[PDB]
Every structure is written in structure tokens, then in C-alpha cells.
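Input: a single structure, listed below in C-alpha cells.
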Amino acid sequence: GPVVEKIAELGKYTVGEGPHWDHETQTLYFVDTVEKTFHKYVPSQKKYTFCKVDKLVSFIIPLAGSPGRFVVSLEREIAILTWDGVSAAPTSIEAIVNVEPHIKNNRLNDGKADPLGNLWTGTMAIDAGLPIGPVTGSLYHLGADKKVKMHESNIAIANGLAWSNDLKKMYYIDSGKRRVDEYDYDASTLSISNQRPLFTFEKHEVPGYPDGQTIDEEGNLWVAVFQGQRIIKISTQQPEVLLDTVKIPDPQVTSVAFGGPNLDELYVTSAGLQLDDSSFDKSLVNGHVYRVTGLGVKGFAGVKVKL
Ligand SMILES: [Hg+2]
Ligand SMILES: [Hg+2]
Ligand SMILES: [Mg+2]
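Spelled out as C-alpha cells, the structure:
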């Protein structure tokens, strides 16, 4: 079976999240969604750094064409952070847009560029809760002239995103729905339609909640299962097909990104935050970062945001 390695050099995260693999610099970036910190890992040189801000963060993606600059979330603002990748604070911050200026208790959560470089991201209540809590989020993309467009409402916990290789489908996760949805994606108008369930956890006895996801070159989705102690591999060719399960030692698996020189090493983030209604005792909940090899598939390099 696949090899699952705990990355000792990286330590433990409260809620490690938002992994992004920059293929040209062979570097993994990620966030902690509770501790207000950004993180950088260079595996070939065993180099780790972090950056502190005073707002809640949920994604970090290199800005296309601008070395040393990243598109990030700061609470409800999408911003450009100028960061040298090693100092413990940003050099400067350039706000782009506040997606929800008048919803004081919301935050941005998962975000990712589509294959064309358009940032997609969604919101949630800061005090969202599972299985039931306030449902206040929406799904957006950042379009022309730095204005966002809304694509879906009634989202409890805005989470993982992926697009098919032929640009005809988008896949999206609201963790509260305990399923992965598929949509027809119109690359020319950047709109989505015909929402329907692709994979429903209760139909396959999968515990926990879908969180982050990524897609491989064959079109399979790799889905992080929060409170499931696993990643799952699901089909996009047929609905409701579980292809494989890989157990991860940490119960609170949060997200996934393919990396390594050949894009065939799956980086997996997790959360050490101990929750009062957990299916797992506190001794099990650590928050390590893992690397999975031997899956027999390749992914894609992380896409930079175009502004
Ligand atoms: Hg930073
Ligand atoms: Hg940053
Ligand atoms: Mg997430």
C-alpha cells in the first residue's frame, strides 16, 4: 500500500490548511486557519518558515508574474501580501476587495485558482459548527476590475475546489452537506450550473466531513476527510464511486496538494485543534503534515492567481 510519512521537520498545527505547491521553486506554502500564520516548506532543502498577521487567514497562492507576492485572505479581505518567504511578517499588504463588508462575523475559507488563474473562494460564519450551526457563507470568484461575482449561497463551511482537465466541470465541497458536488463550468463566462451530488458520504459509510480536495491527471478526486482519519479517492467518470481509501494517522485531515519533482507525492495537512464533540480522543489529535507516496498517479502544479 501507499507510504504515509509524517514530516517531522514541520511540527504540529492547530488547523493546518490550504496547501499550495509551487512547482518552479519546488516549494509548499500553507496556512493555519486559526493561528493567523502563513507557512513555507522547501522539502529538498529541509527549510521551514512562517509569517504572522493579525487577521484570520485561509489560503496563500503566488501572484502570477510577481515573484515575492501572494494572494491571500485576511478575514473577509482578499489581499496581496509582499513576503520574502522567510521574515516573520509581511513586508507590505495591499488590499484588493472585501467580499462581505457588512457581514461582521463571516470569514473567507478555502480558495484556489481555476486552471485559467481566476481565484475562487467561499465564506462561512466564524462560529460555524457541524453537524448543525449558522449557515451564512457564499461561493465567489474574483473577476475583472477586482470585483467578485457570487455563484452559490447557503454554504455552511466553504471548502475544497477542483476543476476537470477539459474545463467542463467544477467540483465543490460544503462540509456541512457531507458530499462533493459537481457543476457544469462555463470557462468563457465563468459561471456554474446544473449542480448535482457526485459523491455522498452516507451512501458509502464514510465518516466525518469532506474538507479540502484536489484532482489528479486521470480525473480522480482526492478528498480530505475531517474526523475520518483518511483521504478518499473518488471517481469523476461515474457518480457515487469510491475508488480507494488511504488512512492518515491524524483524525482531522484538512486538505491535500500534489507535489514533489514529479507531482506524484501527495502532501496532506491536518488539525490538532481538540473539539468538544470529537469521535477521537485528544491523545490522537496532533496536527502533523504528511506526505503520501506510491499512489500511482500524478497531479498538477498549483495554479497562480492572475489579477
Ligand atoms: Hg506572508
Ligand atoms: Hg504571505
Ligand atoms: Mg478546509
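Okay, so the sequence shown: first residue is 2 according to the deposited numbering, each after it adds one. Virtual Cβ for every residue (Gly too), placed ideally from N, Cα, C.
In the three-state scheme derived from DSSP, where H, G and I count as helix and E and B as strand, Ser-284 is classed as helix.
Shown here, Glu-153 sits in a strand according to DSSP, grouped into three states. Set against 8 Å, the gap from the CB of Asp-111 to the closest heavy atom of ligand 3 is smaller. Placement of the Cβ of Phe-60 at a distance of 8 Å or more from every heavy atom of ligand 2 is found. Exposure of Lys-204 is indicated by the presence of fewer than 16 other C-beta atoms within 10 angstroms of its C-beta.
Here the segment 47-58 makes no contact with the segment 100-107; the two share fewer than three CB pairs at distances below 8 Å.
In this structure, DSSP gives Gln-238 a state outside helix and strand, which the three-state scheme calls coil. Using a 10 angstroms sphere on the CB of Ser-189, the tally of other CB atoms stays under 16, which defines it as exposed. At a threshold of 8 Å, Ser-176 counts as near ligand 3, since its beta carbon sits closer than that to one of the ligand's heavy atoms. The shortest C-alpha to C-alpha distance from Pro-250 to any of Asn-99, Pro-198, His-289, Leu-131 is the one to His-289. For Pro-102, there is no enclosing beta strand (DSSP E), as DSSP gives it neither H nor E. Residue list for ligand 1: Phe-39, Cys-52, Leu-82, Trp-84, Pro-91 (CB closer than 5 Å to any heavy atom, chain order). Taking 8 Å as the cut-off, the C-beta of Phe-31 does not count as close to any heavy atom of ligand 2.
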